[PDB]
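Asks: As numbered in the entry's author numbering, residues 164 to 216, 221 to 336, 342 to 459 make up the sequence shown, in order. Idealized CB from N, CA, C, for every residue including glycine. Take this structure first; my questions come after.
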Amino acid sequence: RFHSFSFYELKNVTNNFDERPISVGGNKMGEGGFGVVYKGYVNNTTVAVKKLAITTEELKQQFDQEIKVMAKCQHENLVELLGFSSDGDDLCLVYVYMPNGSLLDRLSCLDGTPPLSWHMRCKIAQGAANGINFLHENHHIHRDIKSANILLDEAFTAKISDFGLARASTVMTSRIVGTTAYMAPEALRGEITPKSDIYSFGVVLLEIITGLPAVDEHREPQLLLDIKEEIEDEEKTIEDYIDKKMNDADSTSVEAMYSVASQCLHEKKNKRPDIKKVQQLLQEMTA
Ligand SMILES: CC(C)Oc1nc2nn([C@]34CO[C@](C)(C3)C4)cc2cc1C(=O)Nc1cccn([C@@H]2C[C@@H]2F)c1=O
């Protein structure tokens, strides 16, 4: 069901992979560890084209791993692969365009976008949990859950992205991959489990509550997961950290979200809630 592109087609529709940012008149919209994301225009449709940039064989394995997961993983809250380019030296993945970009950039109001309302933040968290539930229900571990990997369409529907590190689902690995500021302690040690996705989602819930990135070079505490200490050690309250760029943050619902995040962020994996419980708790917050 995926359209095979020749590489030259993608070169043509991405202004020959103009690496300049969109604002500078280029085609680059963002980047990750595994490739650079470009805006493309194919058959009157705006698309996202990720050109993959780790040993070369491993890059191909991740390329195909995204294809295999995407082939079986279709959901409202998962980004949709449209096609690929495997011919040529470079590897390309073509996705449905997401007009409102990443949750990370929207939380930071990048490029002048308005602050997200608390009501929309709750819907986004629910949508993201629905996507993770689909992955876990179909026996997949994302392994890179983070706000940069939660994309938003024109209606701000949340869509989980980047299944290159995804795995089927005790099991350990020589390769520790992920985003350290979001990873569970067991994941930092090479353990591979769906419970590590829950911990990373807890950091995301914290980013949503506070509007702060998971790590900020010029910030103390520099890691957001550390603020869970100040709350439990009574050094600070969740009030002190609630994003001030909001006018509709009911205290009860916000404290409800911190509770879900706190449970997700227990260092012991087996004490973490499962995704269905996380779904249930998040639904109960808006009820
Ligand atoms: C987060 C970055 C990397 O992506 C985007 N940023 C955007 N910023 N803006 C706007 C518009 O007006 C603004 C003020 C600037 C917001 C629109 C965007 C669309 C995207 C996009 O469609 N991005 C992906 C779609 C599908 C998949 N993947 C995964 C990487 C794999 F391919 C994507 O990254």
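Counting C-beta neighbours from all protein chains within 10 Å, is the total for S346 16 or more, i.e. buried, or is it exposed?
Replies: Label assigned to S346: exposed.
Asks: Are the segment 354 to 368 and the segment 269 to 277 in contact at 8 Å, needing three or more beta carbon pairs?
Replies: Output reads no: the segment 269 to 277 does not touch the segment 354 to 368.
Asks: Count the C-beta pairs between the segment 173 to 183 and the segment 196 to 207 that are closer than 8 Å, then say yes if the count reaches three, no if not.
Replies: Flag = yes, the segment 173 to 183 and the segment 196 to 207 touch.
Asks: Please give the ranges of any alpha helix (DSSP H) in the segment 281 to 333, keeping only runs that are unbroken, at least 4 residues long and fully inside the region.
Replies: Complete alpha helix (DSSP H) runs here, min 4: 285 to 304.
Asks: Report the residue ranges of all alpha helix (DSSP H) runs contained in full by the segment 377 to 414; include only those spanning at least 4 residues, in chain order.
Replies: If we require 4 residues or more, the alpha helix (DSSP H) runs fully inside the segment 377 to 414 come out as 399 to 404 and 410 to 413.
Asks: Thinking just about the alpha-carbon of each residue, which of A333, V376 and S336 is nearest to the one in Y354?
Replies: Comparing Cα-Cα distances from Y354 to each of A333, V376 and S336, the minimum goes to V376.
Asks: Residues in the same chain with beta-carbon distance under 8 Å from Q241, minus the five sequence neighbours each way, listed in chain order, please.
Replies: Excluding sequence neighbours, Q241 sits near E247.
Asks: Between which two residues does the alpha helix (DSSP H) carrying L226 extend?
Replies: Looking at the DSSP string, the run of the alpha helix (DSSP H) that includes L226 is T223 to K239.
Asks: Mind reading off the beta-carbon distance from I308 to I317? Whole number of angstroms is fine, and I expect it under 8 Å.
Replies: With 8 Å as the limit, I308 and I317 do not qualify as a contact, their Cβ atoms being about 16 Å apart.
Asks: Which of the three DSSP states, helix, strand or coil, is assigned to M418?
Replies: Looking at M418 - three-state DSSP - the assignment turns out to be coil, as it is neither helix nor strand.
Asks: What did DSSP end up calling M265 once you bin it into helix, strand or coil?
Replies: Looking at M265 - three-state DSSP - the assignment turns out to be coil, as it is neither helix nor strand.
Asks: Using 8 Å as the cut-off, can you tell me whether the segment 321 to 336 makes contact with the segment 260 to 276, which would need three or more C-beta pairs spanning the two stretches below that distance?
Replies: Cβ pair count under 8 Å is three or more, so yes.
Asks: Within 10 angstroms of the Cβ of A335, are there 16 or more other Cβ atoms? Answer buried if so, exposed if not.
Replies: Its Cβ having fewer than 16 others within 10 Å, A335 is exposed.
Asks: Counting C-beta neighbours from all protein chains within 10 Å, is the total for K448 16 or more, i.e. buried, or is it exposed?
Replies: Label assigned to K448: exposed.
Asks: Would you mind sorting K227 into buried or exposed? The rule is 16 or more other CB atoms within 10 Å of its CB.
Replies: Classification for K227: exposed.
Asks: Could you tell me the distance, in whole angstroms, from the CA atom of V187 to the CA atom of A315?
Replies: Approximately 21 Å between the Cα atoms of the pair.
Asks: Quick check: the Cα distance between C289 and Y430, rounded to an integer number of angstroms?
Replies: About 12 Å.
Asks: Of all the options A459, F197 and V450, which has the alpha carbon lying nearest to the alpha carbon of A296?
Replies: Ranking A459, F197 and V450 by Cα distance to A296 puts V450 first.
Asks: In three-state terms, what does DSSP make of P366?
Replies: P366: helix per DSSP, three-state reduction.
Asks: Evaluate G294 with the Cβ neighbour count: other Cβ atoms within 10 Å of its Cβ, from every protein chain shown; 16 or more gives buried, anything less gives exposed.
Replies: Buried.
Asks: My output table needs one value for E439: the three-state DSSP class, helix, strand or coil.
Replies: Coil, per DSSP.
Asks: Per DSSP, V200 is paired with what?
Replies: DSSP, once it has assigned bridges, lists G193 and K213 as partnering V200.
Asks: Is the beta carbon of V212 sitting closer than 7 Å to the one on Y201?
Replies: Yes, Cβ-Cβ distance for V212 and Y201 is below 7 Å.
Asks: Taking 7 Å as the threshold (C-beta atoms), are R310 and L332 in contact?
Replies: Taking 7 Å as the Cβ cut-off, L332 and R310 qualify as a contacting pair.
Asks: For a test of your reading of the model: does the CB of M192 fall under 6 Å from any non-hydrogen atom of ligand 1? Yes or no.
Replies: Indeed, a heavy atom of ligand 1 lies less than 6 Å from the Cβ.
Asks: Would you identify the three-state DSSP class for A433, choosing helix, strand or coil?
Replies: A433 falls in the helix class under three-state DSSP.
Asks: Shorter than 6 Å, the distance from the beta carbon of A211 to the closest heavy atom of ligand 1, or not?
Replies: Flag set: Cβ of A211 near ligand 1.
Asks: DSSP state of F373, grouped into three classes?
Replies: In the structure shown, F373 sits in a helix (DSSP, three-state: H, G or I).
Asks: According to DSSP, what are the bridge partners of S252?
Replies: Looking at the DSSP assignment, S252 forms a beta bridge with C259.
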